[PDB]
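Chains as they are written, first to last, in the authors' numbering: chain A, 360 to 429, 446 to 449; chain B, 16 to 429, 446 to 449; chain C, 987 to 1020, 1027 to 1076. Before any comments, here is the structure.
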């Protein structure tokens, strides 16, 4: 038996590590994205980027610009 | 006790309902369904007889079931009799039905999800107790856990809320059985000219032993039954017993104990054993649907209906209702394999009406089949019949508009439409 | 390019210059005193259109998957695995 609360951590792990098949499997097995994806969780997803892809460098540039103009990495 | 419900939530929807007691005549309920709520007599009735158990369908089996049911129902006007409570497989079926209703280009063909639910299991019943004829009652939708009280599904269009019988706590089951039997004795059309007997069918999804009496009563009413292979409950028991081919008291008792360990009552176990034996004794009314093998719910529905008809009798008139169903669903292969296979003698006069139906509704495969089975076009196609074919155009194609323009010109220059 | 031209002449006032002066004066006077594209829909119609688009998307994806299952390569792979 699989509950939504059980798969939350595993859903996060599959979502961060780019495993679309497992995301599809978990969604079909009771994970309710409406329930699961809060704004805090979306920001957590944005923070845990691979640090080797374009989005990481772009967000780093944006953060440097914000700091120069002036908890979570992004 | 007629009223309307205005569901409040993510998606605003309006739903009708009527209170009814276990002592009512089902004829009144059918009359209000057809006339008061304007529901056309269905071309197919499918009743869900499970899914309220704690254990639920496997997600792949669940989505295949809803997809197949909706796809089979969309062909004609179908009713999906469910316990209209937001829980389990019922919620998914209601969601699929409403989604299909919204994206349906043809309002003529409609898939209606009727809900028959007990009064004692309704949440916030006093909220809908108002039911002002001018002002529909406001109802909030809440996805409650298993528990013992649920909330009415927002996606179910119409409801039949039955009161609990003071004698026995099976008022809803008896009402469902009587409704199905009464519907089985109606005609698909407004008039009995091109109308068939409404094909009523029950689908079993992970039954619990408390439904065996009602299932047997339905079988005694001579209505087909569909069993999901992977459902989990009594469905697996039945499919395994069919696989074995024979049922013995020890074998079925062992299966009952293994599948449902919680139930430990010698009298109840013996009664369930007898009920299973009596249910399987019919056999012709039982059909197994295995999505892992067939995955075409319409095919299994048609096979079950024709099997029931063939077990009933062999006369050509009896098969004629199943023949019109096959014509409606473009199941030339199923019709050829089941109806037009040796046993049934077929005359030219028999197929004339069905030939007309297949010809008008653009079913070339059935036209070919009927021509090869004795229909003589030279005999069949008279000038009057050709004019009848020209009159019954789809009203949505170019020929209809062109003929309408020609008729308007003829009338301006100045029985049958064209 | 034709889309761009049609949009531009859709937004344009209805009188060709040098007459345009009249339309501009009318527009300014009305603005001081007081579409076929980019229309907003009622909530019910918007919801129905969203649902219809989702249903069409599901049908399109199902058609893709079906034509993939009955592709020659997929049939061969299935046959090879099953015969083994």
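Idealized CB from N, CA, C, for every residue including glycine.
Worksheet item: Identify the residues that DSSP records as bridge partners of residue 395 of chain A: which are they?
Response: Counted from its first residue, the first chain places residue 395 of chain A at position 36. Answer is none; residue 395 of chain A lacks a bridge partner.
Fill in: Residues bridged to residue 242 of chain B [DSSP beta-bridge criterion]
Position 227 of the second chain, counted from the first residue, corresponds to residue 242 of chain B. Residue 242 of chain B pairs with B:219 and B:303.
Practice prompt. Starting from the Cα of residue 150 of chain B, find the closest Cα among B:206, B:292, B:17 and B:223 and give me that residue.
Written response: For this step, residue 150 of chain B is matched to residue 135 along the second chain. Checked all of B:206, B:292, B:17 and B:223; the closest Cα to residue 150 of chain B is B:17.
Discussion item. What would DSSP say about residue 416 of chain A, mapped onto helix, strand or coil?
Written reply: Sequence index remark: in the first chain, residue 416 of chain A carries index 57 (1-based). If DSSP states are grouped into helix, strand and coil, residue 416 of chain A belongs with the helices.
Worksheet item: Relative to chain C, which residues along the stretch 103-133 of chain B have a C-beta separation below 8 Å, given in chain order?
Response: Taking 8 Å as the Cβ-Cβ cut-off against chain C, the residues of the stretch 103-133 of chain B that qualify are 114, 115, 117 and 118.
Worksheet item: So, is the C-beta of residue 1049 of chain C closer than 8 Å to a C-beta in chain B?
Response: What you label residue 1049 of chain C is simply residue 57 of the third chain in a count that begins at 1. Answer no: the Cβ-Cβ gap between residue 1049 of chain C and chain B never drops below 8 Å.
Item to complete: Please report how far the alpha carbon of residue 160 of chain B lies from the alpha carbon of residue 1054 of chain C, in whole angstroms.
Response: Numbered from 1 along the second chain, position 145 holds the residue referred to as residue 160 of chain B. Numbered from 1 along the third chain, position 62 holds the residue referred to as residue 1054 of chain C. Across the structure, residue 160 of chain B and residue 1054 of chain C are spaced so that their CA atoms are roughly 32 Å apart.
Practice prompt. Check whether the stretch 75-84 of chain B touches the stretch 135-147 of chain B, counting contact only when three or more Cβ pairs, one atom from each stretch, lie closer than 8 Å.
Written response: The stretch 75-84 of chain B, when compared against the stretch 135-147 of chain B, does not touch it at the 8 Å Cβ threshold.
Discussion item. Below 8 Å on C-beta distance, what does residue 26 of chain B contact in chain C?
Written reply: Here residue 26 of chain B refers to the residue found at position 11 when the second chain is read from its first residue. Under the 8 Å cutoff, chain C gives 1039.
Item to complete: With hydrogens ignored, establish whether the beta-carbon of residue 209 of chain B is closer than 7 Å to any heavy atom of the ligand COA.
Response: Judged by which ligands are present, the structure shown has none, so any question about the ligand COA falls away.
Worksheet item: If you draw a straight line from the alpha carbon of residue 311 of chain B to that of residue 403 of chain A, how long is it in whole angstroms?
Response: Within the second chain, the letter at position 296 stands for residue 311 of chain B. Within the first chain, the letter at position 44 stands for residue 403 of chain A. C-alpha separation (whole angstroms): 43 Å.
Worksheet entry | CB contact below 8 Å: residue 1043 of chain C versus chain B | Translated into the one-based positions of the third chain, residue 1043 of chain C becomes position 51. Residue 1043 of chain C counts as touching chain B.
Worksheet item: Under a Cβ-count criterion, where at least 16 other Cβ atoms within 10 Å of its own Cβ denotes burial, should residue 101 of chain B be classed as buried or exposed?
Response: In the second chain, counting from the first residue as 1, residue 101 of chain B sits at position 86. Counting Cβ neighbours within 10 Å, residue 101 of chain B comes out buried, since at least 16 surround it.
Worksheet item: Between residue 274 of chain B and residue 240 of chain B, what straight-line distance do the alpha-carbon atoms span, to the nearest angstrom?
Response: The sequence position of residue 274 of chain B within the second chain is 259, counting from 1. The sequence position of residue 240 of chain B within the second chain is 225, counting from 1. Cα to Cα, the separation comes out at about 21 Å.
Discussion item. Looking at the secondary structure, which residues open and close the beta strand (DSSP E) in which residue 23 of chain B lies?
Written reply: Translated into the one-based positions of the second chain, residue 23 of chain B becomes position 8. Looking at the DSSP string, the run of the beta strand (DSSP E) that includes residue 23 of chain B is 17-23.
Fill in: Ranges of the beta strand (DSSP E) found wholly within the stretch 43-119 of chain B, counting only runs of at least 3
Listed in chain order, the complete beta strand (DSSP E) runs (minimum 3 residues) inside the stretch 43-119 of chain B are 59-63 and 93-96.
Discussion item. Check for me: the beta strand (DSSP E) holding residue 188 of chain B runs from which residue to which?
Written reply: Indexing the second chain from 1 puts residue 188 of chain B at position 173. For residue 188 of chain B, no beta strand (DSSP E) segment is defined; the enclosing uninterrupted segment is the alpha helix (DSSP H) at 186-198.
Practice prompt. Can you say whether residue 1042 of chain C is buried or exposed, counting buried as having 16 or more other CB atoms within 10 angstroms of its CB?
Written response: Here residue 1042 of chain C refers to the residue found at position 50 when the third chain is read from its first residue. Exposed, by the Cβ-count rule.
Fill in: Proximity test, Cβ basis, 8 Å: residue 185 of chain B and chain D
No chain D appears in the structure shown, which is made up of the protein chains A, B and C.
Worksheet item: By the 10 Å Cβ neighbour count, where 16 or more other Cβ atoms means buried, how is residue 269 of chain B classified, buried or exposed?
Response: Numbered from 1 along the second chain, position 254 holds the residue referred to as residue 269 of chain B. With a 10 Å radius around the Cβ and a threshold of 16 neighbouring Cβ atoms, residue 269 of chain B comes out exposed.
Item to complete: Throw me the rounded Cβ distance for the residue 304 of chain B and residue 322 of chain B pair, which I believe falls under 8 Å.
Response: The residue you call residue 304 of chain B lines up with position 289 of the second chain. The residue you call residue 322 of chain B lines up with position 307 of the second chain. Not a contact, Cβ separation roughly 13 Å.
Worksheet item: Does the beta-carbon distance from residue 219 of chain B to residue 64 of chain B come in below 8 Å?
Response: Counting from 1 along the second chain, the entry for residue 219 of chain B is found at position 204. Counting from 1 along the second chain, the entry for residue 64 of chain B is found at position 49. The beta carbons of residue 219 of chain B and residue 64 of chain B sit closer together than 8 Å.
Discussion item. Report the CB separation of residue 128 of chain B from residue 95 of chain B in whole angstroms; it is logged as a contact under 8 Å.
Written reply: Stepping through the second chain from its first residue, residue 128 of chain B is reached at position 113. Stepping through the second chain from its first residue, residue 95 of chain B is reached at position 80. Taking 8 Å as the upper bound for CB-CB distance, residue 128 of chain B and residue 95 of chain B are in contact here, some 5 Å apart.
Discussion item. From the DSSP secondary-structure annotation, give me the bridge partner or partners of residue 212 of chain B.
Written reply: If you number the second chain from 1, residue 212 of chain B lands on position 197. Answer is B:202.
Item to complete: Would you give the residue range spanned by the beta strand (DSSP E) that residue 144 of chain B belongs to?
Response: What you label residue 144 of chain B is simply residue 129 of the second chain in a count that begins at 1. Where residue 144 of chain B is concerned, there is no enclosing beta strand (DSSP E), given that its DSSP letter is neither H nor E.
Worksheet item: If you check the beta carbons only, do residue 99 of chain B and residue 58 of chain B fall under 8 Å apart?
Response: In the second chain, the residue the question calls residue 99 of chain B occupies position 84. In the second chain, the residue the question calls residue 58 of chain B occupies position 43. No Cβ-Cβ contact shorter than 8 Å links residue 99 of chain B with residue 58 of chain B.
Worksheet item: Over what stretch of residues does the beta strand (DSSP E) that includes residue 176 of chain B continue unbroken?
Response: Residue mapping note: residue 176 of chain B aligns to position 161 of the second chain, counting from 1. 173-177 is the span of the beta strand (DSSP E), which, as asked, contains residue 176 of chain B.
Discussion item. Quick check: residue 199 of chain B and residue 221 of chain B, are their CB atoms within less than 8 Å of each other?
Written reply: Counting from one through the second chain, the residue named residue 199 of chain B turns up at place 184. Counting from one through the second chain, the residue named residue 221 of chain B turns up at place 206. Cβ distance not < 8 Å, so residue 199 of chain B and residue 221 of chain B don't count as in contact.
Practice prompt. Pull up the DSSP beta-bridge partners for residue 151 of chain B, would you.
Written response: Mapped onto the second chain, residue 151 of chain B falls at position 136. Answer is none; residue 151 of chain B lacks a bridge partner.
Discussion item. Counting C-beta neighbours from all protein chains within 10 Å, is the total for residue 381 of chain B 16 or more, i.e. buried, or is it exposed?
Written reply: Taking the first residue of the second chain as position 1, residue 381 of chain B is located at position 366. Residue 381 of chain B should be labelled buried.
Worksheet item: In the structure shown, what three-state DSSP assignment does residue 390 of chain B receive?
Response: For the purposes of this step, residue 390 of chain B is taken as the residue at position 375 of the second chain. Looking at residue 390 of chain B - three-state DSSP - the assignment turns out to be coil, as it is neither helix nor strand.
Worksheet entry | Pick from B:357, B:351 and B:338 that is closest to residue 371 of chain B, judged by C-alpha positions | Counting from one through the second chain, the residue named residue 371 of chain B turns up at place 356. Checking every option, the nearest Cα to that of residue 371 of chain B belongs to B:338.
Discussion item. Please classify residue 203 of chain B as buried or exposed, where buried requires at least 16 other C-beta atoms within 10 Å of its C-beta.
Written reply: Along the second chain, one-based indexing puts residue 203 of chain B at 188. Its Cβ being crowded by 16 or more others within 10 Å, residue 203 of chain B is buried.
Discussion item. I'd like to confirm the pairing. Which residues does DSSP put opposite residue 316 of chain B in its beta bridges?
Written reply: Start at 1 with the first residue of the second chain, and residue 316 of chain B comes out as number 301. According to DSSP, which records beta bridges pairwise, residue 316 of chain B is partnered with nothing at all.
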